[PDB]
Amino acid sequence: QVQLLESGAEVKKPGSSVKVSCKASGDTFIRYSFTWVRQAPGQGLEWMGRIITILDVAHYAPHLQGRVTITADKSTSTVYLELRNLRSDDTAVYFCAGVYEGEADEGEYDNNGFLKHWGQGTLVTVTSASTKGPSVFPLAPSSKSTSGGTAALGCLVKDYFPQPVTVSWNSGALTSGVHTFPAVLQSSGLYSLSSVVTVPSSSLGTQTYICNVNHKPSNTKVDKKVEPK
C-alpha cells in the first residue's frame, strides 16, 4: 500500500513548462505502475498517461502526445509529469495514481489499468495574469428586518488571482449558517467570491462580525467588520 504525496500548486504563464512530482512511499515502488489524471475546475477526470515503472515505458493519451512526459526516478520513488507548451486550458488539478502489479524480479505483471491509490492533488493554474491579494468588501445587512427575520451579511472577496483563498468569520468562532460560494473567474482573468452568514436581526449592533480573508499566494490576510444597516 503506497502513500502518494505531490508537489504544491503552480502558477505558470501560458507557454511555460511544468513538472509536478509524486513521492511514492510504503511499498516496493517498481511493483506499481503510475498514471496521471487531470481535472479542470468544474469538469471531470481525464486520463493523460501511464508509465510502467519496471520498464520505464509510458503510453500517453492521443491529444497530449508530444507535449506531455512522465518519468519515474527509481532511486527516489518519484513519478514526474512535465507538460510543455502550457495553454490556459491546461489549468487543472493533477493527480498521480497507481495500482500494484507484482514484478520486482518475478516477471509477473498484470498491467492493471484501474487506479487504487491517488494523491492529494496539485493545482496548476496557467494564466497571463499576475499574483495579487483580493479586495475585501462587506455585504452590509440588507436591512434589519429581512425574509423571515434573520439578517444576512458577508464579504465580497474580489480581484484576486491565484484561486486558493480562505474565508472565516469571528476568527473561527462563527461557523454555523455561513456560506462561502465557490470562486468565479471574471473576464479580467481575476477571481471573485462571496462569503455570507445569516444571523438574527437582534444580534446586529450588539454582536459585530468579521470575515477573515487569507491568501497565501499574495501573503495576504484581511479582516473586515460588516457594519449594520
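Residues carry their position along the shown sequence, with the first being 1.
The stretch 143-151 shows the higher mean C-alpha B-factor when 67-75 is compared against 143-151 in the entry. As listed in the deposited structure, the average C-alpha B-factor of 51-59 and of 181-189 is greater for 51-59.
The entry lists C-alpha B-factors for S21, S16, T206, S25, and the highest of these is at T206. Within the group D159, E82, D89, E103, the record's highest C-alpha temperature factor is found at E103. The deposited CA B-factor of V196 belongs to the middle third of values across its chain. In the PDB entry, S168 places in the middle third of its chain by CA B-factor. Ranked by C-alpha B-factor against the other modelled residues of its chain, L4 falls in the middle third. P134: CA B factor lies in the lowest third for its chain, per the PDB record.
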